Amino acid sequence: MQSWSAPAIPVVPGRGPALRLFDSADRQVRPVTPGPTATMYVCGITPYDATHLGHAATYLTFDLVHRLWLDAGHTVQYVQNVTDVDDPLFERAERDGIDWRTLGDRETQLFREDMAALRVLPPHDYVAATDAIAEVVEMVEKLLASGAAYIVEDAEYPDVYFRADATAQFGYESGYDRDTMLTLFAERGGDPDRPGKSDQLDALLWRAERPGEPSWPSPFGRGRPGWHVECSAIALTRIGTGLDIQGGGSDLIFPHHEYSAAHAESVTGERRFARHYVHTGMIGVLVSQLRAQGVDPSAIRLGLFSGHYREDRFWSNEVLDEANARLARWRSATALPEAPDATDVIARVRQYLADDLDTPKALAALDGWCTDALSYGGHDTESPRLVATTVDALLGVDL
């Protein structure tokens, strides 16, 4: 699929430390050590409604990772899916009297427009679930052949399941106990009470055809993919075994990322699907609404960057006001004909961003330089432009 248009990205002088990030599996901050091409899969939208600030905050976090990797001289392969076949889409399609395909199309396009407005770097491979059925079917074939998967003994609805015990390491990605898992599974799309499963935690790989649902052919019967195997199959076929980062919101830690990793490790025999599992905090308004109101997308960025990415945080008009004020101050200081030398502040910004994306400290360092420049001035004629270029390249903020 078409992704969206990228902004210009300047080259920033100097060099900083390599990125380190919290890994949900290891439950600690660890070096991210990619090859020449760094690879990241970030779970995309289910396009039944508008981009809210939550989704935005999540893709903005991964935009920072992308930008820092470019700054370090890597090329990037960023893959992101669209879950364009899903129960909530069918529900909304029925409610509003819009074809489910048309709905997914419309909302994906609005997402594109929101991302481009926010100057988020687009993925290199943007893949709709409906375009990846062959890859899912191929993966499910392999899982059935190994005995990792089975077909439930239900003549009417021969659903295909992945065994929760297929991998010895199952559970390492979330660290959650079985009781916690069952509780989350029941809420997050799982079917713990479905008759005939070997284990309540077995995950649907292929939902047998139901009357009224779209379907695709397969060697194990007509139906449609389960959720986790879509992302597993897209990641494996676009990126392969050398996956640096699997990303998304913290709600995906379990079941989704757990099963996606387990499907892949089962098929490939690799110990670990992704080198880092990176999860954003949950935000508690639509991007397009704010834009329609004349809100500067750079203020949206700064507002969402004012807290650390792993923190759950609330959006409010206070957060917006603070972001608008910060944006105005940075614009003032970087419009100065001369200002103090920027070598240290650029170095600090790189240090803080490399330390598990410490945006609050980076923002504070930049505030500091701006206040100093505006209060005492300086003799570097180049520093204001260089600070503006640095904020553009690394934070995606357009001063």
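Note that residue numbering follows the sequence shown and begins at 1.
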(message) Check this for me: in at least a third of the other entries compared, is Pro88 absent while its neighbours are modelled?
(response) yes
(message) I'd like the number of residues from the deposited sequence that lie between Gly284 and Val285 yet are not in the model, binned as none, 1 to 3, 4 to 9, or 10 or more.
(response) 10 or more
(request) With reference to the PDB entry, specify whether the mean Cα temperature factor is higher for 189-197 or for 285-293. (result) 285-293
(message) Comparing average C-alpha B factors as deposited, tell me which of 5-13 and 377-385 sits higher.
(response) 377-385
(request) Select one of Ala129, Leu252, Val278, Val267: the residue whose C-alpha shows the highest B-factor in the crystal structure entry. (result) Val267
(request) Return the residue from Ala50, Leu70, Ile45, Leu60 that has the highest Cα B-factor in the entry. (result) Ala50
(message) Please say which third, lowest, middle or highest, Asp84 falls into when its CA temperature factor is compared across its chain.
(response) lowest
(request) Taking the chain's C-alpha temperature factors as the reference, tell me which third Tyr150 falls into: lowest, middle or highest. (result) middle
(request) Could you tell me which third, lowest, middle or highest, the C-alpha B-factor of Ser306 occupies within its chain? (result) middle
(request) Pull the Cα B-factor of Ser316 out of the PDB entry and bin it into the chain's lowest, middle or highest third. (result) highest
(request) Just say lowest, middle or highest third for the CA B-factor of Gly242 relative to the other modelled residues in its chain. (result) highest
